[PDB]
Amino acid sequence: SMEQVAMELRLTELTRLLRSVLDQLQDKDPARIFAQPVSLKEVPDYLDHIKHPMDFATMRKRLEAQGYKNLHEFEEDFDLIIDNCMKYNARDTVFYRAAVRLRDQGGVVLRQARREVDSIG
């Protein structure tokens with residue numbers, strides 16, 4: 001149907017916007033601390049600590065399958081990246097501090113992305 005196509009056009013446009021949001025968020029992580037999943041080879045106990053791991057590569061795979069239906073879904077996954085890091089790592093670590101910085105700097109980007117998603121519908 002044409003209604004289905006129009007919905008698919010909306011999803012594709014959302015996907016494009018979210019790809020530019022994701023690139024902008026990831027620039028706020030120049031050390032690439034959050035680029036890839038935590039390795040179970042190198043932190044074998046990770047899943048006893050963190051129940052829903054997340055990272056920018058995993059987000060990017062979901063995005064390219066148009067797997068985010070709305071910005072809320074995407075924000076949830078971004079928030080997991082930050083929140084997981086701040087639970088697993090102590091305050092005095094380079095990891096925790098990189099999460100704080102990503103949160104603070106990403107908040108700016110997300111604030112206007114919310115306006116763009118509402119605005120363009």
# chains A, B, ... in the order shown; residues from 1 in each chain; ligands from 1
$ select_by_dssp --residues "segment 41-93 of chain A" --states "alpha helix (DSSP H)" --output "PyMOL selection string"
chain A and resi 46-49+56-64+71-88
$ write_last_selection --atoms "C-alpha atoms" --output "compact mmCIF listing (two decimals), in the first residue's frame"
# COMPACT_ATOMS: atom_id res chain seq x y z
CA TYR A 46 31.64 -8.70 32.33
CA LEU A 47 28.21 -10.25 31.95
CA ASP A 48 27.97 -11.05 35.70
CA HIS A 49 28.14 -7.22 36.15
CA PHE A 56 28.73 2.43 19.18
CA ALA A 57 29.42 -0.41 16.72
CA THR A 58 26.40 -2.34 17.97
CA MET A 59 24.28 0.85 17.65
CA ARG A 60 25.56 1.39 14.12
CA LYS A 61 24.60 -2.17 13.10
CA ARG A 62 21.10 -1.69 14.46
CA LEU A 63 20.83 1.67 12.68
CA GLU A 64 21.79 0.30 9.28
CA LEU A 71 14.61 8.65 18.98
CA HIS A 72 13.63 7.26 22.39
CA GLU A 73 14.91 3.80 21.35
CA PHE A 74 18.21 5.27 20.18
CA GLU A 75 18.63 7.35 23.33
CA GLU A 76 18.04 4.27 25.47
CA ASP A 77 21.00 2.52 23.77
CA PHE A 78 23.21 5.62 24.14
CA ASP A 79 22.31 5.89 27.80
CA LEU A 80 23.25 2.18 28.28
CA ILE A 81 26.78 2.90 26.95
CA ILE A 82 27.22 5.59 29.62
CA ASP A 83 25.38 3.95 32.46
CA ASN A 84 27.11 0.54 32.07
CA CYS A 85 30.51 2.24 32.14
CA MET A 86 29.73 4.23 35.29
CA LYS A 87 28.61 1.13 37.14
CA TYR A 88 31.48 -1.21 36.08
$ residues_around --residues "residue 101 of chain A" --least-positions-apart "6" --cutoff "12 Å" --atoms "only C-alpha atoms" --output "ChimeraX atom specification"
/A:25-31,33,82,85-86,94-95,107-108
$ write_last_selection --atoms "N, CA and C atoms" --output "PDB file, in the first residue's frame"
ATOM      1  N   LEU A  25      27.775  12.100  18.165  1.00  0.00           N
ATOM      2  CA  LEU A  25      28.002  11.550  19.542  1.00  0.00           C
ATOM      3  C   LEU A  25      29.353  10.854  19.639  1.00  0.00           C
ATOM      4  N   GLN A  26      29.669  10.083  18.641  1.00  0.00           N
ATOM      5  CA  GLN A  26      30.886   9.343  18.624  1.00  0.00           C
ATOM      6  C   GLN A  26      32.137  10.264  18.540  1.00  0.00           C
ATOM      7  N   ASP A  27      32.018  11.438  17.918  1.00  0.00           N
ATOM      8  CA  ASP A  27      33.109  12.430  17.965  1.00  0.00           C
ATOM      9  C   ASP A  27      33.410  12.931  19.345  1.00  0.00           C
ATOM     10  N   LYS A  28      32.464  12.789  20.254  1.00  0.00           N
ATOM     11  CA  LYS A  28      32.700  13.143  21.615  1.00  0.00           C
ATOM     12  C   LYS A  28      33.452  12.100  22.424  1.00  0.00           C
ATOM     13  N   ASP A  29      33.926  11.064  21.735  1.00  0.00           N
ATOM     14  CA  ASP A  29      34.662   9.917  22.323  1.00  0.00           C
ATOM     15  C   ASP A  29      35.919   9.749  21.501  1.00  0.00           C
ATOM     16  N   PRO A  30      36.816  10.771  21.516  1.00  0.00           N
ATOM     17  CA  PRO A  30      37.953  10.663  20.579  1.00  0.00           C
ATOM     18  C   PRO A  30      38.940   9.551  20.940  1.00  0.00           C
ATOM     19  N   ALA A  31      38.987   9.151  22.218  1.00  0.00           N
ATOM     20  CA  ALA A  31      39.793   7.974  22.618  1.00  0.00           C
ATOM     21  C   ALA A  31      39.237   6.607  22.160  1.00  0.00           C
ATOM     22  N   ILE A  33      36.923   4.776  23.435  1.00  0.00           N
ATOM     23  CA  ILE A  33      36.623   3.918  24.577  1.00  0.00           C
ATOM     24  C   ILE A  33      35.328   3.132  24.399  1.00  0.00           C
ATOM     25  N   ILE A  82      26.765   4.719  28.554  1.00  0.00           N
ATOM     26  CA  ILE A  82      27.222   5.588  29.619  1.00  0.00           C
ATOM     27  C   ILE A  82      26.985   4.939  30.973  1.00  0.00           C
ATOM     28  N   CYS A  85      29.134   1.834  31.862  1.00  0.00           N
ATOM     29  CA  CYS A  85      30.514   2.244  32.142  1.00  0.00           C
ATOM     30  C   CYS A  85      30.675   2.832  33.568  1.00  0.00           C
ATOM     31  N   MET A  86      29.726   3.643  33.973  1.00  0.00           N
ATOM     32  CA  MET A  86      29.727   4.228  35.289  1.00  0.00           C
ATOM     33  C   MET A  86      29.367   3.301  36.441  1.00  0.00           C
ATOM     34  N   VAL A  94      40.003   6.422  34.009  1.00  0.00           N
ATOM     35  CA  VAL A  94      39.867   7.090  32.718  1.00  0.00           C
ATOM     36  C   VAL A  94      38.507   6.697  32.006  1.00  0.00           C
ATOM     37  N   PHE A  95      38.040   5.482  32.211  1.00  0.00           N
ATOM     38  CA  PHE A  95      36.786   5.019  31.603  1.00  0.00           C
ATOM     39  C   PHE A  95      35.612   5.778  32.131  1.00  0.00           C
ATOM     40  N   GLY A 107      24.530  15.337  25.627  1.00  0.00           N
ATOM     41  CA  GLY A 107      23.279  16.028  26.046  1.00  0.00           C
ATOM     42  C   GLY A 107      22.893  17.222  25.157  1.00  0.00           C
ATOM     43  N   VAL A 108      23.906  17.993  24.740  1.00  0.00           N
ATOM     44  CA  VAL A 108      23.751  19.163  23.830  1.00  0.00           C
ATOM     45  C   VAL A 108      23.192  18.705  22.480  1.00  0.00           C
TER      46      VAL A 108
END
$ atom_distance --atom1 "atom CA of residue 11 of chain A" --atom2 "atom CA of residue 115 of chain A"
16.9 Å
$ closest_residue --among "A:39, A:89, A:12, A:20" --to "residue 110 of chain A" --atoms "only C-alpha atoms"
A:20
$ atom_distance --atom1 "atom CA of residue 117 of chain A" --atom2 "atom CA of residue 14 of chain A"
7.5 Å
